[PDB]
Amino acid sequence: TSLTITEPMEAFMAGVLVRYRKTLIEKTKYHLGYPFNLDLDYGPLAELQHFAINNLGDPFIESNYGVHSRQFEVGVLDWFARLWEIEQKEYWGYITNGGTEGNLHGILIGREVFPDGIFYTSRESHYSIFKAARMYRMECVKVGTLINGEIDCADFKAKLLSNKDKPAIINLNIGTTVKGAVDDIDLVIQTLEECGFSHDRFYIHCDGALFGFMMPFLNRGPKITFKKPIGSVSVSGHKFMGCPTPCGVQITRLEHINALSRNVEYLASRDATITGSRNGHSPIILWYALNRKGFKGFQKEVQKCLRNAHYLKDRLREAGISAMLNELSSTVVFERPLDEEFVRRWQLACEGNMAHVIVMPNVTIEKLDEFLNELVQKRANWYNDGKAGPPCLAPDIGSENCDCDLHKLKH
């Protein structure tokens, strides 16, 4: 709970670090709950930990602080711009400290385009989104959600129509935290158009912390492209790509950044970021990864993760455990384990009667089998004899996906 700092040792401290490394190997082995790629292969870059790298200021305007990684950073941003179909001279962006910063930036951009804008996001938006709205003092209208976690564009439509006067700022979830739903970009855009909102009276941010990275590697789904009238897209680098430290990529339209960007004389750069000092090792790490693997290495990794999710779901239903997997998802929602020591061991994320597993590149079939074997074994003790019987997840995941004493019958 605390490692106290005492006054002057190198055997004590190397003792601690040996012990600690041990626990991190254990934790890394059993981690299944959170969307972090734990297969980190950046051993050559670790030398660079000798430098105080700081990308302080604009990625595209070099500051007087010379210990930076802008060549890498700009490399990576260009790749992301290509990925989301925006040209060099149409886009601006930066490597962030994570999905939260991408969301704070994107929503702030939208506010500056439309200071009077009403803000809309689904009920299953990440907590960062509602935090942003409160930080920024924006009126937030929570939009309903279908069973699977997608924004409800009928409820969206309704809500739009009762604020016809004002501009709409929208956050769309490309892979919701709990259920792994993907908001229908195309349908949201259509709904705006047929409610009388033209491009120049709405701003959309796409929160793609995990799945915004993954979706472009599939042939399907509501493609993320600035050929459509979206404003900004963020992803998290420590989620799908994998990074020792949290990071992200935020990409917007250049015309949008002018309202945030101010000159700062003592930097000889501009400030258009949430942050000041910025992590300059992240850009190198992500550059390294993009180069080694390319679009075809990432595609493979994405496809294997969807397959491994499919597999886990199948085995759970087979075991008569309520479980759901959305079409565009590596997140397997399932009946929350009753044993909370079990939850803590596999580091499961839980909400109400749901838990979930996120099938990151590190998450192998071998590991899923270990997991299932343990789950099925312990589960036998939870709902048998005169005890309750499994919870009903039909309200959360649909009755088609529920295997309680009632809904299992209908399959």
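Numbering starts at 1 and follows the sequence shown.
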Study note, to complete from the structure: Of the deposited residues between residue 8 and residue 9, the number without coordinates is 4 to 9
**Study point:** 204-212 versus 337-345 - which carries the larger mean C-alpha B factor in the record
**Key:** 337-345
Practice item. On mean C-alpha B-factor from the PDB entry, just flag whether 188-196 or 76-84 is the higher one. Key: 188-196
Check your understanding: Quick one: which of 179, 296, 239, 253 has the biggest Cα B-factor according to the entry?
Key -> 296
Review point. Highest CA temperature factor in the entry: which of 322, 219, 173, 273?
Key: 219
Review point. According to the PDB entry, is the CA B factor of residue 89 in the bottom, middle or top third of its chain, that is, lowest, middle or highest?
Key: middle
Revision key, fill the gap. Here the Cα B-factor of residue 27, set against its chain, lands in the third termed middle
Review point. Sorting the chain's CA B-factors, does residue 58 end up in the lowest, middle or highest third?
Key: lowest
Check your understanding: Based on the entry's values, in what third of the chain does the Cα temperature factor of residue 33 lie: lowest, middle or highest?
Key -> lowest
Revision key, fill the gap. Residue 160: CA B-factor among chain residues, third -> highest
